[PDB]
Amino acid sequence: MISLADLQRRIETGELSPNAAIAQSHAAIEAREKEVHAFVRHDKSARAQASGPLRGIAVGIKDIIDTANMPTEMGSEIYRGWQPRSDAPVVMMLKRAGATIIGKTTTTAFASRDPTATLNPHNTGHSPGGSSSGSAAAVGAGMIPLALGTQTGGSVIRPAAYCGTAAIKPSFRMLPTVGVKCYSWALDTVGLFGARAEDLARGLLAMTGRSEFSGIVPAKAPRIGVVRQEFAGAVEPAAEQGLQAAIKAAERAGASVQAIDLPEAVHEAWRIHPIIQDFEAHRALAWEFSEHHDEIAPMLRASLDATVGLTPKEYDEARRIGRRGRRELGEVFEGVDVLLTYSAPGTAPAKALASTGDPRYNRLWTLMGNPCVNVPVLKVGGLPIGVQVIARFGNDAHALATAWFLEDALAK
């Protein structure tokens, strides 16, 4: 995988020119795209900018995020050929920092369950996860140093885990979702994919300009609370094997690890995530459902058809439960620095299953809003398995810091 930190360093000293770095990415995309299919559109003419911390840095953009120079098709036939007038604010944050938007990466239709044609870089017979399929696969295949995706359920952390890349779903609403196709406004969060936690920090620093992302260093003796999210049921063997390996490596590296049960209120929040999500989706995709119903990809069409009845009353109650969950979750972080849990149910599903994977181990955290970071741990049968590091809301820096610590601990 291409390291954003490495490129920045070599570009800053003058060892690598911005143009050469971009040419590198075009070549890397050309090398594996015919086998992975991570891009909806690769702008072969994309050039490097001459200034900024991200000069010479190629970035892939999930196709539900607006671009003014390339189409944004939402992974749906309904938006085939659709060309937004402006670049979404998050896209502009990257461009103003000197980055090159090298192409639009694949997304499932409207960021839901319907699989894209993208294949897992580690084994093409498997799913790269979703809904940020192409962004995870592109980074995983060593095509680009950075990519943007989104998470409403587990569309950033799950695919990152399946593809063995580092990734972060920042604190809710920190990055604007303007120009980002909405599924659920109470949940949609923009995320980033990269080689390592350090790359994610560098990316957020250039995008936001916030000092909290400057000078991040691996955490020392982090106080970790292991949460297996029992309410979501047991995970597949590979995921547990990965968590156990992460725990052992953390303990050997000096971290204090303890198993913790989340408050009942939090379990309830996990239970109603679907209510909030599906109720809002009907409002957010109202035009599509009302005017192009049969044109909506099969799985999403089915889920929407099955939830037309969700009422404003049960929705409001769900939100109340969600808010209480966030409050009580904060109490958990009084005795621990970060939470460690699963990033997915197990290894990436075979493409034959027509599934991007169950988001059950990701959804609670999107609703709570906390910053989540995927840390690649190991591989079973050649397929990546990762773990999820979670910090207090707004403590993104420390989540990246602990993730970095975990990466080093796993490398020994």
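Numbers follow the displayed sequence, beginning with 1.
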Practice item. Pick between 26 to 34 and 52 to 60: the one whose mean CA B-factor in the entry is higher. Key: 26 to 34
**Study point:** 311 to 319 versus 171 to 179 - greater average Cα B-factor per the deposited record
**Key:** 311 to 319
**Study point:** Per the PDB entry, maximal CA B factor within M207, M299, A265, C163
**Key:** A265
Point to revise | Candidate residues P222, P128, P274, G140, the one whose C-alpha B factor the record puts highest | key: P222
Review point. Hey, what third does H122 fall into on Cα B-factor, ranked over its chain?
Key: middle
Review point. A352's Cα B-factor: lowest, middle or highest third of the chain?
Key: middle
Practice item. Rank-wise, by C-alpha B-factor, drop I78 into the lowest, middle or highest third of its chain. Key: lowest
Point to revise | Among modelled residues of the same chain, the CA temperature factor third for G335 | key: highest
Revision key, fill the gap. The third of the chain into which the C-alpha temperature factor of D278 falls is the middle
